[PDB]
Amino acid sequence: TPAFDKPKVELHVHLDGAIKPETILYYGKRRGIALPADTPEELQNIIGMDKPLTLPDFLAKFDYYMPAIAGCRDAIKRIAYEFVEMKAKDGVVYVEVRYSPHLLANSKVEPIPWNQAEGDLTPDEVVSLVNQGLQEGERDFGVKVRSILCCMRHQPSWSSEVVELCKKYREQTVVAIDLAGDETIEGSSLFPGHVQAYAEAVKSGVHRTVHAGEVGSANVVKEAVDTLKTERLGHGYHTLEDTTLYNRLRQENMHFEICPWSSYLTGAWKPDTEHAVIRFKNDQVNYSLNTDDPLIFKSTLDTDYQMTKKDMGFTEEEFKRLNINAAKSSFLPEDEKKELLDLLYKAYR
């Protein structure tokens, strides 16, 4: 069944949206949280979309499982660990993965997320739990993993502590910053906390990626390039509505963070339009394929490569070119990059 079995690189996956069902019920009960169901195959069914939803509906999936993992140290540890393994199962030689460390904390975080009242688990050891899990996940599974931390659009307060965590846990294993949540909250790229965050990020050399152009306009994209100085773009579907911005982004090789299965299920793609990805194979730009949320979209990378495969005419020669593109645009230092490059050419030959 695989649409492409060569190795692949993936650059945009959300950790807290690639937890396993089996594991969430394990924790919801062993903590007394417990949740809408008890057999794995039916819980996956209530957390999981098959059909576009609204923002509250969507947001609410997160509401069911998250309280079962945030707070618990070995819930954190086990989720990063078990993430790597899913990506090993998946043909991936290199993954980058993101989360918000605040959204898994229960100490030193106003406000406390998901209704938890307090523990002692801060943002600081959530990273480091996560990255411990990712390191012995890497080592046991032979997948090279790095991590991105995400600022949240609605919460600029948290942003200086993001840039700061990035600097601290640099290398081991964090290599970039993100902006996530809903890009639709007016003026959000321009909130002073977010922008001083991204500026500290160019001051100290932290890589940058912003979610932009999924559901919001070409001006959130524009905001992200000219102001937040992104190096890459989550989705960016809406830069296509501005053809000088599109044309200039082709000219300077934007890397675009594509997630095509994810985008039917969200709404960002109306099925009766060009999928933005296809204009993307036709115009030969710099882009990847990406799963975004396995747990919620009931998917794996193969669902994305299948979907493109048979609905959109792509071939194995574009599937390679996109993976290499991915590797080039990854946030690896250039020595490790040329080595990831090498393995990929060899494999493709």
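Sequential numbering from 1, following the sequence displayed. The term rigid core refers to the most C-alpha atoms you can superpose between the two forms while keeping them within 1.5 Å.
Rigid core superposition in 6 other deposited structures of this protein puts the Cα atoms of one stretch, out of 282-290 and 49-57, farther from the shown form on average, and that stretch is 49-57. The stretch that moves more in 6 other deposited structures of this protein, judged by CA deviation after a rigid core superposition and choosing between 319-327 and 31-39, is 31-39. Higher mean CA temperature factor between 320-328 and 307-315: 307-315, per the PDB entry. Stretches 259-267 and 233-241 differ in mean C-alpha B factor, with the higher average recorded for 259-267. In the PDB entry, the Cα temperature factor peaks, among 183, 96, 223, 120, at 120. For residue 159, the recorded CA B-factor ranks within the middle third of the chain. Only modelled residues enter the ranking. In the PDB entry, residue 3 places in the highest third of its chain by CA B-factor.
Sorting the modelled residues of the chain by their CA temperature factor places residue 10 in the lowest third.
Ranked by C-alpha B-factor against the other modelled residues of its chain, residue 285 falls in the middle third. Annotation for residue 79: CA B-factor lies in the highest third of the chain's modelled residues.
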